[PDB]
4 protein chains.
Amino acid sequence: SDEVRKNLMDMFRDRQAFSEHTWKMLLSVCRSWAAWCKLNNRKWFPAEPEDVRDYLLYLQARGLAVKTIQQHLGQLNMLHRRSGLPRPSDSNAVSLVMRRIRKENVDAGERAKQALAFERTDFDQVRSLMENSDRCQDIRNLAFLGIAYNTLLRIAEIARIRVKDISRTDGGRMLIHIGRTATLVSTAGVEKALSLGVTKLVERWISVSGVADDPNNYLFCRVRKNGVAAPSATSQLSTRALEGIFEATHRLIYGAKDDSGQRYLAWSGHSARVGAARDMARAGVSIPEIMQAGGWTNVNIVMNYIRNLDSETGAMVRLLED
Amino acid sequence: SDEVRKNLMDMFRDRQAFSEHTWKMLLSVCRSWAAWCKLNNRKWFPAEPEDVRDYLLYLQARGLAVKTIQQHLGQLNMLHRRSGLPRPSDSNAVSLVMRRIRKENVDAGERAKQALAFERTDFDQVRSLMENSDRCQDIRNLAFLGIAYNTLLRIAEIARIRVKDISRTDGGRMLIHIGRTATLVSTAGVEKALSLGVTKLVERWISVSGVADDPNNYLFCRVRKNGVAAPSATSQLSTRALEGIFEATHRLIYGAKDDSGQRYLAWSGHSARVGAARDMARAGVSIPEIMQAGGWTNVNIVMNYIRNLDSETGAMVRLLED
Amino acid sequence: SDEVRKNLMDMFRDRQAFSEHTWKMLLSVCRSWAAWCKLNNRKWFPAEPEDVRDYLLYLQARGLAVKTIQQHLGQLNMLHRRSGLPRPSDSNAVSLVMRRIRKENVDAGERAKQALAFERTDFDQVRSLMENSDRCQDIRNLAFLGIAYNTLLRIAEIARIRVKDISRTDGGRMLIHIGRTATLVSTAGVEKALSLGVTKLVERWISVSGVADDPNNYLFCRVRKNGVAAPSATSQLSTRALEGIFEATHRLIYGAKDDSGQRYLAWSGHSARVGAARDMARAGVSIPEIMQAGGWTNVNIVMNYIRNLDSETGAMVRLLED
Amino acid sequence: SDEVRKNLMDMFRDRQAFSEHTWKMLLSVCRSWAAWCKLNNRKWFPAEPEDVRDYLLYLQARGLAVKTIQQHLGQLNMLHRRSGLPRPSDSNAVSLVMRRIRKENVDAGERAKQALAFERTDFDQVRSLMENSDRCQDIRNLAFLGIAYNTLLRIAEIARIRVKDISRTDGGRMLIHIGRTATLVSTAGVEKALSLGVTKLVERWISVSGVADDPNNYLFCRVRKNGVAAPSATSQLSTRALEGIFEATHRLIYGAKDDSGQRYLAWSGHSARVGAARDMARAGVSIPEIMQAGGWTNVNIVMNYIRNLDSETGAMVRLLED
DNA sequence: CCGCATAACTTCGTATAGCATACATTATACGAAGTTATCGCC
DNA sequence: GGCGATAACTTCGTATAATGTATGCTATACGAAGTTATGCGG
DNA sequence: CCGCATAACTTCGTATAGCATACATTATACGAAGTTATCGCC
DNA sequence: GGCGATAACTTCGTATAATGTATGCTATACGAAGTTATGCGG
């Protein structure tokens with residue numbers, strides 16, 4: 001019917017309305033689905049539920065994780081719903097098979113992993129080693145780690161701080177205005193403070209790098225092999241490069257990583273969120289202050305962060321050890 | 001369709017259902033929508049989503065703020081709903097457009113602005129600079145600034161104070177009765193007391209102006225070129241004239257505005273509410289005792305006025321600094 | 001047509017799902033509407049929108065409060081909705097006339113009233129006066145006032161306490177299990193705790209009256225002219241009687257009621273709820289604790305209580321006047 | 001209809017989508033419903049609102065709790081949903097009678113119960129009494145009580161522990177790996193640690209029995225009439241036998257159980273979780289640590305276990321008892 | 001033995017306030033164009 | 001004796017920040033007409 | 001003076017976490033039949 | 001050297017307390033293969 005292609009044309013015409021990341025994986029899963037359908041001589045676009053059942057079981061037999069299969073189903077649902085057709089997931093066969101896979105894989109022992117923490121005694125050790133550095137690169141790296149630990153920002157947000165957003169309170173402390181986030185979108189935005197410690201690091205960076213020459217410059221820039229910094233107003237330092245600061249620092253402290261082929265063997269971009277949330281909850285701050293520090297809306301999100309507190313030093317052990 | 005004719009007759013029959021400030025805006029929107037439709041040969045009254053798309057993109061290209069565009073769409077919704085026709089915002093296209101617009105403009109870095117504060121040190125300065133004038137206009141202005149800062153009333157509420165509404169308690173403080181409340185549940189209360197210091201200024205005005213000859217007189221009035229007051233029971237100073245008091249007082253101490261054309265280069269009708277709130281929050285006053293004084297009910301705006309005070313640095317700064 | 005008869009028969013057959021106050025008010029509204037329709041020779045049940053427009057304009061000319069007219073419309077809406085017919089309020093002709101009446105009456109200065117507060121100093125004064133009375137009537141009244149001030153319950157819930165509901169902590173405080181409330185209804189529920197002093201008053205009353213020797217008696221009961229209690233398990237004090245206790249206690253201190261015929265000239269059953277809330281607000285208790293103590297769901301209700309406070313002692317005068 | 005036959009066949013094809021505990025209840029509910037429909041001579045499968053109403057009122061006359069009645073309605077709604085029919089809960093009359101039953105039965109004084117708490121004093125007493133014993137069946141029971149109290153694990157997940165899940169730290173404490181988690185995101189984490197004292201018990205049990213001779217053996221097993229232990233790897237000790245340990249040890253101190261026929265007259269499987277919760281609350285451990293320790297995501301349950309402690313008395317008690 | 005009359009509550013009706021959740025009006029900011037009641041020269 | 005100049009304010013239109021009202025039920029406020037037990041002087 | 005090297009960062013492709021709102025499935029409690037490995041009394 | 005009496009559990013059914021998953025979208029993790037400016041043999 002024409003209305004399907006009309007709706008698809010409308011969805012593509014305002015492609016900017018979705019995230020940059022949401023389009024990438026719609027296409028990625030569409031490749032795999034169409035390839036499997038062709039290999040088995042089945043019509044690929046208007047999916048038939050008894051074929052989707054076979055596809056899901058085939059994905060299970062390959063050994064993919066449950067959240068991968070959740071993604072693979074979720075995009076086909078999105079595509080049909082936005083086309084204006086009934087979802088595949090409305091039929092009982094796929095609805096029950098998804099539960100069956102979840103049950104059997106969880107009973108076999110699969111679980112969700114979590115990033116390796118980065119706690120205050122690590123920040124103190126890194127700072128103790130790096131404080132004497134006169135390299136521009138070390139100044140940049142230490143200032144970044146300071147902002148990351150203090151604000152609990154995402155890496156994607158730290159990549160886009162304009163110089164014009166840096167402002168000062170009545171005293172010495174710095175204030176950063178963040179604007180939109182992964183959830184908030186408004187011109188009122190959120191504003192966050194920095195301690196009398198890390199502002200010396202940020203102000204040293206700004207003074208040495210000279211990014212202050214134009215209010216449209218970004219704070220963070222490429223530093224080349226020569227050691228010169230290349231200020232810019234039109235290109236952002238990639239998140240793929242920001243992860244390398246964490247990896248290089250962990251290698252500096254503990255030496256080289258092994259080839260085991262498992263995730264989270266070293267610090268990664270999420271490590272500072274976890275470590276700050278653990279340090280703050282262990283110190284006994286109240287739930288409302290934790291919520292205001294992190295900016296979450298639902299209190300149970302806190303229980304997703306503090307999951308892996310060290311049982312060998314928790315409340316009951318101290319209580320029974322008298 | 002004569003049913004629309006009926007619905008319109010039954011709408012403007014009860015036109016007093018809406019503020020005159022609403023009617024002022026609805027016609028200003030319709031003039032622009034009709035002019036654009038005329039220029040582009042579109043049919044103007046029953047809006048088509050493929051027209052509303054193009055019009056919203058034209059407003060974006062003209063550079064209006066996001067909330068101006070939301071105002072423009074809101075009035076078109078109101079006109080359709082009261083006409084009985086399907087609400088244009090319900091269409092799939094225009095919601096995708098609005099999402100694209102706001103996400104683009106927020107990525108361009110638009111930020112909300114806020115009134116310049118008028119603070120205790122300024123009230124002390126203007127007082128010690130002006131209180132010796134015999135010129136009646138100076139007495140009138142110095143009394144107005146005192147009532148404004150002491151009561152946090154909005155200027156449209158201050159313009160309506162009858163001299164009938166003043167009373168004088170046994171301790172000598174003036175009590176101002178609130179004639180017309182803003183809301184059926186008057187969250188601000190019903191009566192406000194002036195300081196002893198301000199009372200002397202208001203008594204100076206009442207004695208000089210002769211306005212106490214009749215209870216129905218308005219407390220504030222125009223002063224002619226001759227330097228003589230003109231009491232009235234039937235007319236009020238325009239709020240436009242009251243804004244001139246703030247402008248002239250700022251111009252008296254500082255220079256003049258830049259040619260930059262930006263808003264909030266000088267004190268304005270909300271400068272007192274902001275400044276008083278910041279003074280209260282800098283002292284020890286509790287959040288609900290602040291919130292009750294100004295008549296707010298949402299936390300958000302009270303936070304938005306105090307966010308940059310060094311009381312509000314939060315739990316992480318407290319942990320880091322000790 | 002006659003399916004309406006089935007719908008109404010179902011609504012009547014299960015009517016115990018609704019509070020009896022909701023039926024009592026509905027029948028009075030129907031008597032009013034039917035009497036007016038009979039006076040003007042109109043058909044009464046299916047509410048033609050222009051008829052209810054005439055009826056609302058007739059009510060406004062009697063000078064009834066805005067809340068009364070809202071109630072009169074709200075019951076006719078509910079009667080149509082539950083019958084399975086289009087609401088009369090769905091017409092623009094009715095909702096605009098309501099919006100007009102609301103906005104016009106506020107220009108005449110109408111506002112919602114509030115009960116007279118009963119604060120801590122009054123409680124201490126009454127205890128100082130009555131503590132030594134040997135009349136069991138005084139022991140009862142002083143226990144009732146102590147509970148009502150401590151626990152912030154509605155008097156309709158204080159009338160409902162069984163002797164089964166009373167327990168003690170190991171510290172000797174008393175706990176009252178509330179169960180049902182005006183908004184929360186479950187077999188688990190709220191439990192509230194008295195201070196030591198109020199427990200001494202309650203135990204004094206229990207010991208004197210003997211009500212506690214059978215667990216299913218109610219805690220409060222009538223006392224005859226002779227000064228002897230009459231325990232019961234099947235009847236309880238009217239709320240009218242509990243209001244009489246407040247009014248008599250006010251007349252004990254201030255001697256006589258004014259002849260002016262205004263409402264809220266003396267303490268009434270709501271007086272204690274308002275007073276404790278004000279005492280908490282002046283004490284600087286945080287919003288989450290005030291919310292927990294009152295049991296309210298949403299922060300706006302806090303602002304709905306502290307509407308009235310003494311401006312002549314308020315923060316702004318206290319700050320400006322040193 | 002063939003659609004029903006196919007939907008039922010699909011529901012049977014994937015039967016592992018639900019726990020066996022869901023199937024058991026669905027069958028008991030269907031037997032009850034079909035028996036009642038047979039006795040009253042009505043068609044039973046395509047259930048009708050009048051029949052569900054009559055059945056619900058029949059269940060109320062047996063005096064079943066309101067949560068049992070809601071369970072009975074729930075399973076019939078599941079059966080209808082998965083059969084692909086409209087469901088009784090969406091109907092009008094069922095929604096009214098569920099209100100009627102709830103409100104009437106709450107006003108009748110129906111009350112929710114809790115487990116009898118097994119607190120630190122009881123564990124110290126039982127240990128001081130039993131620990132001298134040398135017969136294997138006593139050592140088993142004391143080791144089980146120690147693990148249950150220290151870990152807060154539930155009895156079912158305690159039965160699953162294979163001996164290869166035990167491991168030892170260089171601190172001499174014993175760690176238990178959870179194995180199968182309850183949920184994909186394990187709020188309780190992944191590993192539990194025993195205190196030294198409980199480890200001294202477990203080492204005795206694991207050395208007196210032969211269980212350690214194969215890493216696949218279950219940690220607990222039958223002990224026969226002559227004290228011979230019967231280690232196994234295919235079969236695990238039934239939960240019913242685990243409840244017997246709590247009941248028998250209670251009976252050993254407090255004698256014969258009362259005849260009143262109520263629940264919770266003696267300790268049961270939850271007595272340890274409630275006891276350890278209250279023991280932590282007395283020590284002032286903050287709510288986030290208690291919630292992470294026991295794995296609760298909803299604060300309401302932790303609150304319902306600690307209301308009775310006077311530490312939870314509200315701010316009005318602090319204001320009165322200043 | 002008696003009739004009476006004061007306490008201390010109960011029942012009834014017409015007015016008015018409270019709650020929790022879901023989504024649209026209502027006011028101020030600024031530049032430009034018009035008043036019309038007094039300073040001034042000549 | 002006027003014509004002219006000019007303070008101090010009023011009215012208009014487009015741009016942007018702030019605060020509100022509708023639903024669907026639950027309560028309380030007041031006074032007037034009633035009811036059932038004892039105290040008192042016969 | 002030219003060519004070759006190598007720090008330091010971009011694109012690209014499959015794989016797994018995080019969120020905020022809305023609505024049911026999963027486990028323990030406890031009578032009471034039923035099983036089987038042994039003592040007990042000849 | 002045979003029969004029956006006892007633990008010490010196991011399986012079953014119905015009644016009541018407690019914790020869970022689905023949806024729609026946004027982000028991070030990691031290996032691999034380009035890019036492009038400086039360093040420096042000779």
# chains A, B, ... in the order shown; residues from 1 in each chain; ligands from 1
call {"tool": "interface_residues", "arguments": {"of": "chain C", "to": "chain A", "cutoff": "12 Å", "atoms": "only C-alpha atoms", "output": "list in words"}}
result
residues 286, 287 and 288 of chain C
call {"tool": "write_last_selection", "arguments": {"atoms": "N, CA and C atoms", "output": "mmCIF file, in the first residue's frame"}}
result
data_model
loop_
_atom_site.group_PDB
_atom_site.id
_atom_site.type_symbol
_atom_site.label_atom_id
_atom_site.label_comp_id
_atom_site.auth_asym_id
_atom_site.auth_seq_id
_atom_site.Cartn_x
_atom_site.Cartn_y
_atom_site.Cartn_z
ATOM 1 N N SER C 286 12.375 19.937 57.546
ATOM 2 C CA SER C 286 12.553 19.813 56.107
ATOM 3 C C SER C 286 11.288 19.277 55.446
ATOM 4 N N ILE C 287 11.130 19.612 54.161
ATOM 5 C CA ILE C 287 9.922 19.213 53.430
ATOM 6 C C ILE C 287 9.681 17.711 53.470
ATOM 7 N N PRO C 288 10.680 16.845 53.298
ATOM 8 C CA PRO C 288 10.396 15.401 53.349
ATOM 9 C C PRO C 288 9.838 14.916 54.677
#
call {"tool": "residues_around", "arguments": {"residues": "residue 303 in chain C", "least_positions_apart": "2", "cutoff": "9 Å", "atoms": "only C-alpha atoms (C1' of nucleotides)", "output": "tab-separated table (two decimals) with N, CA and C atoms, in the first residue's frame"}}
result
chain	number	residue	atom	x	y	z
B	187	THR	N	-2.32	32.08	47.71
B	187	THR	CA	-1.14	31.48	48.33
B	187	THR	C	-0.20	32.51	48.94
B	288	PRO	N	10.90	26.85	52.65
B	288	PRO	CA	9.46	27.15	52.67
B	288	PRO	C	9.12	28.54	53.18
B	291	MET	N	9.58	30.63	50.24
B	291	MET	CA	8.61	30.36	49.19
B	291	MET	C	7.25	30.96	49.53
B	292	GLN	N	6.88	30.96	50.81
B	292	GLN	CA	5.63	31.58	51.23
B	292	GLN	C	5.66	33.10	51.11
B	296	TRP	N	5.38	31.92	45.55
B	296	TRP	CA	5.68	30.84	44.63
B	296	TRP	C	5.07	29.54	45.14
B	297	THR	N	4.96	28.57	44.25
B	297	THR	CA	4.58	27.22	44.67
B	297	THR	C	5.49	26.13	44.14
C	299	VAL	N	3.98	17.90	47.27
C	299	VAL	CA	4.53	19.04	48.00
C	299	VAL	C	3.61	20.26	47.97
C	300	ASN	N	2.80	20.40	46.92
C	300	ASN	CA	1.88	21.53	46.85
C	300	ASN	C	0.98	21.65	48.08
C	301	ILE	N	0.64	20.52	48.71
C	301	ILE	CA	-0.24	20.59	49.87
C	301	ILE	C	0.43	21.33	51.02
C	305	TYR	N	-1.20	24.63	53.16
C	305	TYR	CA	-1.42	24.85	54.58
C	305	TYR	C	-0.88	26.17	55.12
C	306	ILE	N	0.35	26.54	54.79
C	306	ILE	CA	0.99	27.73	55.35
C	306	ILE	C	0.57	29.01	54.62
C	307	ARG	N	-0.59	28.98	53.96
C	307	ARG	CA	-1.10	30.17	53.28
C	307	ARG	C	-1.03	31.41	54.17
call {"tool": "closest_residue", "arguments": {"among": "B:29, B:76, B:156, B:277", "to": "chain F", "atoms": "only C-alpha atoms (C1' of nucleotides)"}}
result
B:29
call {"tool": "closest_atom_pairs", "arguments": {"of": "chain B", "to": "chain F", "cutoff": "7 Å", "atoms": "only C-alpha atoms (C1' of nucleotides)", "output": "tab-separated table"}}
result
residue	atom	partner	partner_atom	distance
B:68	CA	F:16	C1'	6.8
B:224	CA	F:8	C1'	6.6
B:225	CA	F:7	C1'	5.6
B:241	CA	F:9	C1'	7.0
call {"tool": "residues_around", "arguments": {"residues": "range 16-27 of chain G", "least_positions_apart": "3", "cutoff": "10 Å", "atoms": "only C-alpha atoms (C1' of nucleotides)", "output": "NGL selection string"}}
result
(:A and (64-68 or 71 or 112-115 or 182-183 or 296-298 or 301 or 304)) or (:D and (18-22 or 74-75 or 78 or 156)) or (:H and (17-23 or 25-29))
call {"tool": "write_last_selection", "arguments": {"atoms": "N, CA and C atoms (P, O5', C5', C4', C3', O3' and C1' of nucleotides)", "output": "short mmCIF file (atom, residue, chain, number, x, y, z; two decimals), in the first residue's frame"}}
result
data_model
loop_
_atom_site.label_atom_id
_atom_site.label_comp_id
_atom_site.auth_asym_id
_atom_site.auth_seq_id
_atom_site.Cartn_x
_atom_site.Cartn_y
_atom_site.Cartn_z
N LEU A 64 24.45 -15.55 21.44
CA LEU A 64 24.36 -14.14 21.78
C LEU A 64 23.70 -13.93 23.14
N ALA A 65 24.04 -12.81 23.78
CA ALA A 65 23.46 -12.47 25.07
C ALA A 65 22.01 -12.03 24.92
N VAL A 66 21.28 -12.10 26.03
CA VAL A 66 19.84 -11.80 26.03
C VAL A 66 19.55 -10.36 25.62
N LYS A 67 20.35 -9.40 26.09
CA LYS A 67 20.15 -8.02 25.65
C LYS A 67 20.47 -7.78 24.18
N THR A 68 21.31 -8.60 23.57
CA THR A 68 21.47 -8.52 22.12
C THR A 68 20.21 -8.95 21.40
N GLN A 71 17.66 -6.31 21.59
CA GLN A 71 17.87 -5.26 20.60
C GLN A 71 17.36 -5.68 19.22
N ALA A 112 24.30 -9.58 34.04
CA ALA A 112 24.82 -8.32 33.53
C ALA A 112 26.06 -7.86 34.30
N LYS A 113 27.12 -7.55 33.57
CA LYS A 113 28.38 -7.10 34.14
C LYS A 113 28.31 -5.61 34.49
N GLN A 114 29.36 -5.10 35.13
CA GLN A 114 29.43 -3.69 35.48
C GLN A 114 30.87 -3.21 35.42
N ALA A 115 31.03 -1.93 35.10
CA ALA A 115 32.35 -1.33 34.93
C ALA A 115 33.17 -1.35 36.22
N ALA A 182 21.47 13.45 28.10
CA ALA A 182 20.83 12.27 27.53
C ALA A 182 19.31 12.27 27.69
N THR A 183 18.77 13.10 28.56
CA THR A 183 17.33 13.13 28.79
C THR A 183 16.76 14.54 28.80
N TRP A 296 19.37 12.00 38.62
CA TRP A 296 18.34 11.03 38.29
C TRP A 296 16.99 11.46 38.85
N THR A 297 15.93 10.86 38.31
CA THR A 297 14.56 11.17 38.71
C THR A 297 13.92 10.10 39.58
N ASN A 298 14.35 8.84 39.46
CA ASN A 298 13.75 7.73 40.20
C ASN A 298 14.79 7.15 41.15
N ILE A 301 17.10 3.89 40.71
CA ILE A 301 18.31 3.90 39.90
C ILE A 301 19.54 3.81 40.79
N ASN A 304 20.71 0.37 41.19
CA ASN A 304 21.50 -0.17 40.09
C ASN A 304 22.98 0.18 40.21
N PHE D 18 6.77 -20.16 31.73
CA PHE D 18 6.29 -19.86 33.07
C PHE D 18 6.84 -20.85 34.09
N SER D 19 7.00 -20.38 35.32
CA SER D 19 7.40 -21.24 36.42
C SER D 19 6.33 -22.28 36.72
N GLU D 20 6.77 -23.43 37.22
CA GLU D 20 5.85 -24.48 37.67
C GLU D 20 4.89 -23.99 38.76
N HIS D 21 5.32 -23.04 39.59
CA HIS D 21 4.44 -22.45 40.59
C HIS D 21 3.31 -21.63 39.99
N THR D 22 3.47 -21.11 38.78
CA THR D 22 2.35 -20.47 38.10
C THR D 22 1.35 -21.49 37.55
N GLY D 74 -7.04 -12.68 39.11
CA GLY D 74 -5.85 -12.56 38.29
C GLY D 74 -5.62 -13.74 37.37
N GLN D 75 -5.70 -14.95 37.91
CA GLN D 75 -5.43 -16.10 37.05
C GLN D 75 -6.47 -16.25 35.93
N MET D 78 -5.36 -13.88 33.24
CA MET D 78 -4.26 -14.45 32.46
C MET D 78 -4.76 -15.46 31.43
N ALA D 156 15.21 -21.42 49.70
CA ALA D 156 15.31 -22.15 48.44
C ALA D 156 16.69 -21.99 47.82
P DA H 17 -1.27 -12.05 53.90
"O5'" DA H 17 0.24 -12.03 53.36
"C5'" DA H 17 1.25 -12.50 54.23
"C4'" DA H 17 2.62 -12.59 53.57
"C3'" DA H 17 3.27 -11.26 53.19
"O3'" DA H 17 4.65 -11.28 53.55
"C1'" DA H 17 3.03 -12.59 51.23
P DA H 18 5.56 -9.96 53.41
"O5'" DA H 18 6.16 -10.05 51.93
"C5'" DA H 18 7.02 -11.12 51.59
"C4'" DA H 18 7.38 -11.11 50.12
"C3'" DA H 18 8.15 -9.88 49.64
"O3'" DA H 18 9.50 -10.25 49.37
"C1'" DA H 18 6.50 -10.59 48.07
P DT H 19 10.62 -9.14 49.05
"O5'" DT H 19 10.68 -9.12 47.46
"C5'" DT H 19 11.04 -10.30 46.76
"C4'" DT H 19 10.68 -10.20 45.29
"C3'" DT H 19 11.47 -9.17 44.48
"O3'" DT H 19 12.30 -9.85 43.55
"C1'" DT H 19 9.14 -9.12 43.97
P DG H 20 13.11 -9.10 42.38
"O5'" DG H 20 12.14 -9.17 41.10
"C5'" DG H 20 11.78 -10.44 40.56
"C4'" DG H 20 10.72 -10.30 39.49
"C3'" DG H 20 11.18 -9.62 38.21
"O3'" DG H 20 11.75 -10.58 37.34
"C1'" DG H 20 9.00 -8.84 38.88
P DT H 21 12.60 -10.15 36.05
"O5'" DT H 21 11.47 -9.73 34.99
"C5'" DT H 21 10.57 -10.70 34.50
"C4'" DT H 21 9.55 -10.09 33.56
"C3'" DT H 21 10.14 -9.54 32.26
"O3'" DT H 21 9.32 -9.88 31.15
"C1'" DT H 21 9.00 -7.81 33.42
P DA H 22 9.76 -9.47 29.66
"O5'" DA H 22 8.82 -8.24 29.26
"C5'" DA H 22 7.43 -8.46 29.04
"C4'" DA H 22 6.73 -7.22 28.51
"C3'" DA H 22 7.28 -6.71 27.18
"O3'" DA H 22 6.20 -6.28 26.34
"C1'" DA H 22 7.54 -5.04 28.86
P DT H 23 6.44 -5.91 24.80
"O5'" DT H 23 6.79 -4.36 24.76
"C5'" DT H 23 5.80 -3.39 25.10
"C4'" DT H 23 6.40 -2.01 25.25
"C3'" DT H 23 7.17 -1.49 24.03
"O3'" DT H 23 6.36 -0.50 23.38
"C1'" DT H 23 8.21 -0.91 26.10
P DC H 25 10.46 4.94 19.47
"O5'" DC H 25 11.96 5.23 19.94
"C5'" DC H 25 12.18 6.31 20.82
"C4'" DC H 25 13.45 6.15 21.64
"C3'" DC H 25 14.76 6.52 20.96
"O3'" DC H 25 15.05 7.87 21.28
"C1'" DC H 25 14.93 4.81 22.62
P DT H 26 16.30 8.65 20.64
"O5'" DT H 26 17.52 8.33 21.63
"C5'" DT H 26 17.53 8.89 22.93
"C4'" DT H 26 18.73 8.40 23.73
"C3'" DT H 26 20.07 8.66 23.03
"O3'" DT H 26 20.91 9.46 23.85
"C1'" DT H 26 19.94 6.42 23.82
P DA H 27 22.32 10.01 23.32
"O5'" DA H 27 23.42 8.98 23.85
"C5'" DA H 27 23.68 8.89 25.24
"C4'" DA H 27 24.37 7.58 25.59
"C3'" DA H 27 25.80 7.46 25.09
"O3'" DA H 27 26.72 7.83 26.10
"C1'" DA H 27 24.56 5.38 24.96
P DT H 28 28.29 7.87 25.79
"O5'" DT H 28 28.81 6.38 26.09
"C5'" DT H 28 28.70 5.86 27.40
"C4'" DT H 28 29.04 4.38 27.44
"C3'" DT H 28 30.51 4.03 27.18
"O3'" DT H 28 30.95 3.04 28.09
"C1'" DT H 28 29.15 2.82 25.71
P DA H 29 32.51 2.66 28.21
"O5'" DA H 29 32.71 1.38 27.27
"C5'" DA H 29 32.33 0.10 27.75
"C4'" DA H 29 32.79 -1.01 26.83
"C3'" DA H 29 34.27 -0.95 26.46
"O3'" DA H 29 34.89 -2.19 26.79
"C1'" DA H 29 32.94 -1.18 24.50
#
call {"tool": "select_by_dssp", "arguments": {"residues": "range 207-256 of chain A", "states": "alpha helix (DSSP H)", "output": "list in words"}}
result
residues 207, 208, 209, 239, 240, 241, 242, 243, 244, 245, 246, 247, 248, 249, 250, 251, 252, 253 and 254 of chain A
call {"tool": "interface_residues", "arguments": {"of": "chain G", "to": "chain A", "cutoff": "8 Å", "atoms": "only C-alpha atoms (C1' of nucleotides)", "output": "list in words"}}
result
residues 7, 8, 9, 10, 15, 16 and 20 of chain G
call {"tool": "residues_around", "arguments": {"residues": "residue 206 in chain D", "least_positions_apart": "6", "cutoff": "10 Å", "atoms": "only C-alpha atoms (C1' of nucleotides)", "output": "list in words"}}
result
residues 139, 140, 143, 163, 212, 213, 219 and 220 of chain D
call {"tool": "write_last_selection", "arguments": {"atoms": "N, CA, C and O atoms", "output": "PDB file, in the first residue's frame"}}
result
ATOM      1  N   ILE D 139      24.486 -30.839  64.476  1.00  0.00           N
ATOM      2  CA  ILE D 139      25.486 -29.997  63.825  1.00  0.00           C
ATOM      3  C   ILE D 139      24.950 -29.429  62.517  1.00  0.00           C
ATOM      4  O   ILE D 139      25.141 -28.243  62.210  1.00  0.00           O
ATOM      5  N   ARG D 140      24.255 -30.256  61.736  1.00  0.00           N
ATOM      6  CA  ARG D 140      23.628 -29.759  60.517  1.00  0.00           C
ATOM      7  C   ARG D 140      22.719 -28.577  60.820  1.00  0.00           C
ATOM      8  O   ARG D 140      22.785 -27.539  60.152  1.00  0.00           O
ATOM      9  N   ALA D 143      24.539 -25.351  61.799  1.00  0.00           N
ATOM     10  CA  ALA D 143      25.209 -24.733  60.659  1.00  0.00           C
ATOM     11  C   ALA D 143      24.213 -24.048  59.733  1.00  0.00           C
ATOM     12  O   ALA D 143      24.474 -22.948  59.221  1.00  0.00           O
ATOM     13  N   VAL D 163      28.966 -27.653  46.786  1.00  0.00           N
ATOM     14  CA  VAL D 163      30.167 -27.482  47.596  1.00  0.00           C
ATOM     15  C   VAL D 163      31.311 -26.803  46.849  1.00  0.00           C
ATOM     16  O   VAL D 163      32.201 -26.230  47.484  1.00  0.00           O
ATOM     17  N   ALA D 212      32.217 -33.379  51.048  1.00  0.00           N
ATOM     18  CA  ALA D 212      33.327 -32.772  50.321  1.00  0.00           C
ATOM     19  C   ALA D 212      34.009 -33.724  49.348  1.00  0.00           C
ATOM     20  O   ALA D 212      34.850 -33.275  48.562  1.00  0.00           O
ATOM     21  N   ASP D 213      33.681 -35.016  49.376  1.00  0.00           N
ATOM     22  CA  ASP D 213      34.364 -35.989  48.532  1.00  0.00           C
ATOM     23  C   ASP D 213      34.070 -35.816  47.047  1.00  0.00           C
ATOM     24  O   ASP D 213      34.751 -36.445  46.230  1.00  0.00           O
ATOM     25  N   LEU D 219      25.536 -29.336  49.568  1.00  0.00           N
ATOM     26  CA  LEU D 219      26.098 -29.077  50.889  1.00  0.00           C
ATOM     27  C   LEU D 219      25.264 -29.673  52.019  1.00  0.00           C
ATOM     28  O   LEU D 219      25.811 -29.978  53.084  1.00  0.00           O
ATOM     29  N   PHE D 220      23.958 -29.844  51.826  1.00  0.00           N
ATOM     30  CA  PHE D 220      23.093 -30.435  52.839  1.00  0.00           C
ATOM     31  C   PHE D 220      22.364 -31.649  52.284  1.00  0.00           C
ATOM     32  O   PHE D 220      22.045 -31.713  51.095  1.00  0.00           O
TER      33      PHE D 220
END
